[PDB]
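Working notes for the structure below.
Protein chains get the first letters and strands the later ones, always in sequence-line order, with residue 1 at the start of each. Quick note: numbers below take in every heavy atom, side chains included, and nothing from hydrogens, waters or symmetry partners.
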Amino acid sequence: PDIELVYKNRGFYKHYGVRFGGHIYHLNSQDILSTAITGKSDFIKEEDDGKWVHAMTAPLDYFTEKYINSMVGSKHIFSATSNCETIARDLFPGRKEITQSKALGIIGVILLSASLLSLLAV
Amino acid sequence: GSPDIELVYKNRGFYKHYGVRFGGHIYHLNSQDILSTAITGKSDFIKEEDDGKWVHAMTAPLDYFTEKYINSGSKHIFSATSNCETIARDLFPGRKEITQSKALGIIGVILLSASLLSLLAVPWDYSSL
């Protein structure tokens, strides 16, 4: 099953999330600039409030090929509370090898990457 | 067939400032800070003689870079002086349909995108594209 990227407009950028069923997985971030420099983010799993905008639905491998272009990976440190312990099964169902830590890293870099590039859409 | 494009960079610590190396010169953006540049939404191109301090990132066909970075709405405006009037012939040889404006737009989005995404990369990973 595909990944659905969604966003909320935050004026000078878009804040992205992954919609799965009735929830959105996204980062607790006051703003992308601060987040990018500080190098750490906490994940939230929140009920869909109906105010997210559809961005794109595509296979996970479309997004990982585009943004996870390194078997070395990110400097960014991702954490999550236990309500995110569904993320591996939800977003990587077929993939037994994906631990929660790996899942957060992959999804987190996708969301941060999308948010950073949204700076160019003015 | 056309030569591959050589992406190079200078490390700025928190991110990498990328350029395209062709012969003895580097095409890159006049930018003190990548996030500042992205917010401003406009930048000027520079063509500079290679000072020997650029780091090799990746050599690849143009369409490797365009598939990765142009296949995802930039409204950034790229300008150049006549010092960049070689950019189309240098980086898009024998493609008459690539005007100067188009060449700046394509190379600009690649450099801005690579630079922005390097904010998330470990800073020593040269091949982080």
Seminar exercise, completed: Ranking A:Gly108, A:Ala121, A:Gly39 by heavy-atom pairs under 4.5 Å to chain B gives rank one to A:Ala121

Exercise. Do you know which two heavy atoms are closest between B:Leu120 and A:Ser113, and how far apart they sit?
Worked result: CD1-OG, 3.4 Å

Exercise. So if you build clusters from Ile, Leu, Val, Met, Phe, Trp, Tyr with side-chain heavy-atom gaps below 4.5 Å, do A:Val122 and A:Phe12 land together?
Worked result: no

Problem set entry | Note, A:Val72 side chain near B:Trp124 side chain (heavy atom, < 4.5 Å) | yes

Exercise. Hey, any chance A:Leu91 and A:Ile24 share a hydrophobic cluster, counting ILVMFWY side chains that come within less than 4.5 Å of each other, even indirectly?
Worked result: no

Problem set entry | Over all atoms of both residues, closest heavy-atom pair of A:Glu65 and B:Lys68 | O-NZ, 3.7 Å

Exercise. Is there side-chain contact between B:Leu35 and A:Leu116, with at least one heavy-atom pair below 4.5 Å?
Worked result: yes

Problem set entry | Engaged part of B:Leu119 at the chain A interface, taking heavy atoms whose separation is under 4.5 Å | both

Exercise. Heavy-atom distance under 4.5 Å to chain B: side chain of A:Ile32, backbone, both or neither?
Worked result: neither

Problem set entry | Minimal non-hydrogen separation, A:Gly73 against B:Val122, with atom names | O-CG1, 3.7 Å

Problem set entry | Residue A:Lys40 excluded, over 12 heavy atoms near NZ under 6.0 Å | no

For this session: Check the surroundings of atom CD in A:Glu97: do more than 12 heavy atoms from other residues, nucleotides or ligands lie under 6.0 Å from it?
Result: yes

Exercise. To the nearest 0.5 Å, how far apart are OG in B:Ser72 and CZ in A:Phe63?
Worked result: 9.5 Å

Problem set entry | More than 12 heavy atoms of other groups within 6.0 Å of A:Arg89 CZ | no

Problem set entry | B:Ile98-B:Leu62 co-clustered via ILVMFWY side chain contacts under 4.5 Å | yes

Exercise. Is the NZ atom of B:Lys10 crowded by more than 12 outside heavy atoms at less than 6.0 Å?
Worked result: yes

